Amino acid sequence: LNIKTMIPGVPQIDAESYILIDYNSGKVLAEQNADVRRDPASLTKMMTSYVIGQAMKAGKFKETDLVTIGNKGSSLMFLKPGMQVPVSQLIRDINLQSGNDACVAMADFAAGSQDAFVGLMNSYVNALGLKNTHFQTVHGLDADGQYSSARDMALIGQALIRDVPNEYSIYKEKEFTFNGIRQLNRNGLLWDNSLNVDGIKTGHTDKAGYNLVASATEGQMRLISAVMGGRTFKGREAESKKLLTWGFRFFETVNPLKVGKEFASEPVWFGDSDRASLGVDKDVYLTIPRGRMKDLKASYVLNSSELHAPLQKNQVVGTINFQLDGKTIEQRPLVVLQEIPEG
């Protein structure tokens, strides 16, 4: 009992707010001040990249398309007017280097104007159900009022990975060439040999402190951490590494039932067949203490005493309950997997 039922202590995190979630289940493994509104500084570019990823996924444009820069000269850091740059290069400037010029150029290219691009950003905020995030600019600079939170930023990270995988794949690139010049990925954790980190966005600003949204995997398990208002330079990577490491040590993500697989069969009355195949219409992912998988139990309850046809595909006919130590930890609709017409 005592060791199988212990709640692990959480490491001290030297930051104003953080959260650690599992990418597949959405389970929150740990949190402190995760909903407090803070300035995300350049984490904003994570949403910029999300919008761009969605546009490219919809086929609005492709990586090979050329973008013409429009309306500093002493720094090869600013994009010069008239300059033509492939989308492939601009999006890496944003994702790897958090380049400000690239954000503006891509905003105009994808949405016509920066303000219209910001509207799209805030539309996605609402589509993702984020309650503590609002944007003013596409780069997070002349926007003293932009805000997000540890939870919301983790959720944006989750959406990037989930909704636009082709955009997310770029984040693990350690290096790229912007017009003949080699540039590094600013996310130092990519070089950490201890974890398998492949994202996402690190930023710092005097006003907002250190900020990082990171994602790492171990096997098929993936965690996302957002640490905001990091207090010191030496903790900028270390604090999230500690959190991710702890997550992998004490928790495990299981996939007890896949979509379309038969969890159970039940007799059907008045139908074209006498047996209904029952399961789920969305994959089930559960995050439980590591080493408890064998104790996980599943059962179901039907809505009615008997099933009668007709039954539509994905029709809800009951509840599947997942439990551990007698605690129901997850409940899902139990659905009919194959249509059964009246007959």
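Quick note: numbers on chain A are straight from Swiss-Prot, i.e. 32-102, 113-384, in order.
Header lists the method as X-ray crystallography, 1.9 Å.
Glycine is treated like the rest: Cβ placed from N, Cα and C.
In Swiss-Prot this protein carries:
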{"type": "ACT_SITE", "residues": "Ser73", "note": "active site, acyl-ester intermediate"}
{"type": "ACT_SITE", "residues": "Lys76", "note": "active site, proton acceptor"}
{"type": "ACT_SITE", "residues": "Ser139", "note": "active site"}
{"type": "BINDING", "residues": "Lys242", "note": "substrate binding site"}
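Shown in sequence order, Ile135, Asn136, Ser139, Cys144, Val179, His180, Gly181, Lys242, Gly244 are the residues of the chain, 6+ apart in sequence, with a C-beta less than 8 angstroms from the C-beta of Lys76 (active site, proton acceptor). Residue environment of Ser73 (active site, acyl-ester intermediate) contains 22 other Cβ atoms, counted within 10 Å of its Cβ in all protein chains. In the deposited model, 10 residues go unmodelled between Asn102 and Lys113, whose Cα atoms sit 12 Å apart.
For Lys242 (substrate binding site), other Cβ atoms within 10 Å of its Cβ number 29.
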